[PDB]
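Only one structure is covered here, and it is reproduced in the block below.
Order of the sequence lines sets the chain letters (A, B, ...), proteins ahead of strands, with each chain counted from 1.
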Amino acid sequence: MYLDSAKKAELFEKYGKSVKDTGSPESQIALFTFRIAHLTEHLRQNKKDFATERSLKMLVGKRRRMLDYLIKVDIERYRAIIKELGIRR
Amino acid sequence: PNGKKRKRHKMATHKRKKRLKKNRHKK
RNA sequence: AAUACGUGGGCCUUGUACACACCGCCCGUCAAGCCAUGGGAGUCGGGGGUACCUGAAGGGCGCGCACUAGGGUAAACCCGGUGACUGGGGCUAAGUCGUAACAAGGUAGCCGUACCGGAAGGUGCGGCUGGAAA
RNA sequence: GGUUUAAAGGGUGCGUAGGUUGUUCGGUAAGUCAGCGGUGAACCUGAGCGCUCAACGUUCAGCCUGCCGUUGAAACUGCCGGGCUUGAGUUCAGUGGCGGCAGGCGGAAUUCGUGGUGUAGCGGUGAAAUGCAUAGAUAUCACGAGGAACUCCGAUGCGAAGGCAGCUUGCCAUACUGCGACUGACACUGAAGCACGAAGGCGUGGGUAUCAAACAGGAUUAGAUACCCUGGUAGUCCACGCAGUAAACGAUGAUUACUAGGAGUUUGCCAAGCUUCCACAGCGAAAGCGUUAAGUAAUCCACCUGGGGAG
RNA sequence: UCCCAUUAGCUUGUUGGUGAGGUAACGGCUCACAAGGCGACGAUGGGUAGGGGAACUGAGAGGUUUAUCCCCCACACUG
RNA sequence: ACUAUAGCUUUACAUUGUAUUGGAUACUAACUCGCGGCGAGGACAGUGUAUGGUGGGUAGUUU
RNA sequence: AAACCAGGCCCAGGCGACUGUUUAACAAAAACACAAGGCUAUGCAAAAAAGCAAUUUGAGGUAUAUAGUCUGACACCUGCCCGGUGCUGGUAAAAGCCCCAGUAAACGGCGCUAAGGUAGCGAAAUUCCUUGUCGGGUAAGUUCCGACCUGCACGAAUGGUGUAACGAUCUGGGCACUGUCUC
RNA sequence: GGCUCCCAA
RNA sequence: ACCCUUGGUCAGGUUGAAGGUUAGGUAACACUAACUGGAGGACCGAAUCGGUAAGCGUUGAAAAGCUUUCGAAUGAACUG
Ligand SMILES: [K+]
Ligand SMILES: [K+]
Ligand SMILES: [K+]
Ligand SMILES: [K+]
Ligand SMILES: [Mg+2]
Ligand SMILES: [Mg+2]
Ligand SMILES: [Mg+2]
Ligand SMILES: [Mg+2]
Ligand SMILES: [Mg+2]
Ligand SMILES: [Mg+2]
Ligand SMILES: [Mg+2]
Ligand SMILES: [Mg+2]
Ligand SMILES: [Mg+2]
Ligand SMILES: [Mg+2]
Ligand SMILES: [Mg+2]
Ligand SMILES: [Mg+2]
Ligand SMILES: [Mg+2]
Ligand SMILES: [Mg+2]
Ligand SMILES: [Mg+2]
Ligand SMILES: [Mg+2]
Ligand SMILES: [Mg+2]
Ligand SMILES: [Mg+2]
Ligand SMILES: [Mg+2]
Ligand SMILES: [Mg+2]
Ligand SMILES: [Mg+2]
Ligand code: NA
Ligand code: NA
């Protein structure tokens, strides 16, 4: 996960109103998906990093719970975010 | 923490493993 | 006369599966006697299912055609039995061989796993204290 | 009714269904509450009456305390809509680590080979022997080669658990504290299922120094298939893949809130967040636990029901 | 409104429709498009049993059985 | 089995020399090999004669 | 199925994994080969093979390669012995031999000894006695199948025990069918 | 004819 | 017999390996279903090669055959 403050700020500006909104469900889902992809890339090389695995799984669980909250609150926002991120698979 | 309780289980395990090792290689 | 006095009992603490009190308790194999129960070339039954072929009465359908109980056939399944031979287990006594555990039980004990031994068992590797002594 | 030690916590997590849900405002009326109505022989309960009494028979009052229908109530649970920031999460900053994976580097020790010096033993035990040695051992110096483990620091710390300790770097993960930042209950647990999971063991290919199951020899013994000694093969090492077990233990499942004192100790500023020992109340059969509970309570999961047969 | 998950998938008139026939009567009850229906709130299969009021029992919760009595169901050597 | 022998192997002489310090070391020029003179070896190796081992691989025979 | 044309099937054993090869002209097989396993030799003018030699093969390959030799897919495995025999080390004008050590997936052995047969099999392609004994199959079974074990005289790479598939292989029993037979 | 696939090239 | 160089031949039918595409599925690979694909000392069977069993022949049509039957038939194949 090549993650830094500049990338986090760019993600928060892209998803969610204003760049200071680090806590929005959309911002959190975007951040989780970004580091999930990067951790997958790391694992394909370090196939024996069982600690980076299950950290990946805990990130996946967090993203799923945020998506379930979006289901319970506003379905249209969930459709928009999964369309913009290409999550469902 | 008497000891006889574990001795009985140890005996049973010995007998079972001896049975299996005798039955191996025979078909 | 000779000859040096330094190397079985009591008190405190500790462990115990002993309380007839270590001349104690106690495992396991082989041999003996009863009881129950597994595996087995095979072999004998019981009813149900599937498919096929035949097929009554009584309706239906157009002196004949479906429908069907029942019959035969095959299979396969399920439920039972028996079988040369071949394995554990329980109980009773105590014949035989040892002493594995209980005290640091005389090689601390136990857990997992592997190999090996007439048997209790032994050894290797890792773990635990439900171990003394320190 | 229970689960530290009597039987009984899953090896540890993640997570599906399910179960439970901080605070506040407004609706609804599913649960809940209330009223009215219908419906529900004999036997069984107070009072009689008849059997000469009694069993018994019979009448009447007291049970209907279930189900159904229909009217109301709105505190709580549920459902719907809105709000809040304490729970939860994201951000920022500080600090920390034997946390994981991968690549490089190092010294001590041990084994083997070659050469130099030197000769009567070395090794081992309670005592010995097997063993190695004048065809030149042990000992000592140099050259060469290879494998494995990391003294002192070092008892603490980290990790979900199993576990993690030479040095260094790269890539990751994560804990704790605060923020004058953000979202606004987004939570807890979790049958299935999935992942990880000491040692030993299995397959393929490398490697093979030490130690060492099996095995061989020498001793001790009444015998010694052991304990002791000398050898010695799998294994112990690496990569990939199986396997899924443990006294996988704190013999103590996970969350949340609350409730005394002492003595130490690690970390960032008196105070958290830890990590260890005595010990109030309370709990317990006792040993004991005691703010890291086995105390006081709530939610969910696992498991137990005399011993053997029998995992 | 009983046990077994060492029983997890079952179903092709089977689920719905149109029409017709048939019946005391509605209906896949029967006969000539669509692919649905039932299922861990336990379908399907296997085993066992007639079901209630009574009766007995217990402080109650509950448990046992339906011998005689009453109600409902099933049957009359086997189809 | 007896007796030979191909092949293999040992040593001596020849091929085959020089120096140091003999018994080894060193040298290059005989000799050998490689690349297209240079490089690597080196009096060894290989070859001839003689000689001791071995030799059902082969042969002639006996029984 | 219209004639012609055009699988018989099932149950159970031994051996050999399999497709192949072989005694032209009496043997097609269980024999040979085989993919695969082990051991040994070989550092390159390689070892090895032909040739008096030159030279050629090996191979223009280089230890994941080449050669010699045994075993014969695969699964579970492959015990004890270095005493004997092989192999490896330390005279003519030094080898050897000795001695010591090693080597069994080397040959060989597994009864005073070097060790006195482990697992697994067993009246067997191995058992003389012998048509051993018991059970099955048949009216009757010297063959067959399943067991037992005093194995004349099994036994672990001259491999042990199994094994799906395969076979103009050897062997036993059924159904179908028939001039094989009653005849 | 070309194309595709394959290794024994 | 074996080898070397250069050529040729193998009717017809069957089965359905690797691989690929499309749906589901995963953090991502894996993995399930359909379609496709066309491998093989694969199957049945002519030519062809071989020679199992029986019958016949045995001063034979033939100094090794004939008839029926049977094995292989894209391969360690057959053949000039
Ligand atoms: K542990
Ligand atoms: K609430
Ligand atoms: K036979
Ligand atoms: K021809
Ligand atoms: Mg034992
Ligand atoms: Mg003892
Ligand atoms: Mg002891
Ligand atoms: Mg031993
Ligand atoms: Mg207990
Ligand atoms: Mg635990
Ligand atoms: Mg436990
Ligand atoms: Mg001769
Ligand atoms: Mg002559
Ligand atoms: Mg064959
Ligand atoms: Mg053949
Ligand atoms: Mg012939
Ligand atoms: Mg022939
Ligand atoms: Mg052979
Ligand atoms: Mg063989
Ligand atoms: Mg016969
Ligand atoms: Mg037999
Ligand atoms: Mg042999
Ligand atoms: Mg073929
Ligand atoms: Mg033909
Ligand atoms: Mg054919
Ligand atoms: Na291994
Ligand atoms: Na026939």
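- The partner of D:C101, taking Watson-Crick or G-U wobble pairs whose two distances both stay under 3.5 Å, is D:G170.
- A close approach under 4.0 Å does occur between a side-chain nitrogen or oxygen of B:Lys18 and OP1 or OP2 of C:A119.
- Of the candidates C:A119, G:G120, D:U91, D:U91 carries the atom nearest the A:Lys8 side chain, counting heavy atoms from C-beta on.
- The distance between atom NZ of B:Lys17 and atom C1' of C:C115, rounded to the nearest whole Å, is 11 Å.
- The listed nucleotides are D:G197, C:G28, C:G130; the one nearest the side chain of B:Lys15 is C:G28.
- Nucleotide C:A108 forms a Watson-Crick or G-U wobble pair with C:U129, both donor-acceptor distances falling under 3.5 Å.
- Checking D:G50 for Watson-Crick or G-U wobble geometry (two distances, each under 3.5 Å) identifies D:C56 as its partner.
- Atom CE of A:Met66 and atom P of D:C186 are 10 Å apart (whole Å).
- Among D:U174, D:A247, D:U90, the nucleotide with an atom closest to any side-chain atom of B:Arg6 is D:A247.
- In the set G:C77, C:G117, D:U90, G:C77 carries the atom at the smallest distance from any side-chain atom of B:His25.
- Stacking between G:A33 and G:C34 holds: their six-membered rings sit with centres below 5.5 angstrom apart and planes below 30 degrees.
- As rounded to whole Å, 21 Å separates atom P of D:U90 from atom NZ of A:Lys14.
- Atoms NZ (B:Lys21) and P (C:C116) sit 8 Å apart, rounded to a whole Å.
- Using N1 to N3 plus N6-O4 or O6-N4 for Watson-Crick, or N1-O2 and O6-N3 for G-U wobble, each under 3.5 Å, F:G37 pairs with F:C35.
- For the pair B:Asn2 CG and C:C102 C1', the interatomic distance rounds to 9 Å; values are reported in whole Å.
- Among the nucleotides D:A173, D:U91, C:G88, the one closest to any side-chain atom of A:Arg35 is D:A173.
- At a threshold of 4.0 angstrom between heavy atoms, the contacts of B:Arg19 are confined to the sugar-phosphate backbone, with no base atom among them.
- Phosphate contact (OP1/OP2 of D:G241, side-chain N/O of A:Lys48, threshold under 4.0 Å): present.
- Counting heavy atoms from C-beta outward, A:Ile87 and A:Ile29 have side chains that approach closer than 4.5 Å.
- Distances were taken from every side-chain heavy atom of B:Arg24 (C-beta onward) to each of D:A102, D:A6, G:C77; the shortest belongs to G:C77.
- Searching all strands for a Watson-Crick or G-U wobble partner of F:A29 with both distances below 3.5 Å returns nothing.
- In this structure D:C122 is paired with D:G131, meeting the Watson-Crick or G-U wobble definition at both distances under 3.5 Å.
- Between the P atoms of G:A115 and G:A63, the separation comes to 46 Å (whole Å).
- Base stacking is present between C:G121 and C:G122; both the centre distance of their six-membered rings (under 5.5 Å) and the plane angle (under 30°) fall inside the limits.
- Under the 5.5 Å centre and 30° plane thresholds, the six-membered base rings of G:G160 and G:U161 are judged to be stacked.
- As rounded to whole Å, 19 Å separates atom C1' of I:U26 from atom CZ of A:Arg54.
- B:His9 has its NE2 atom 10 Å from the P atom of D:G307, to the nearest Å.
- Summarising the geometry, the separation between NZ on B:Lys26 and P on C:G87 is reported as 9 Å, rounded to the nearest angstrom.
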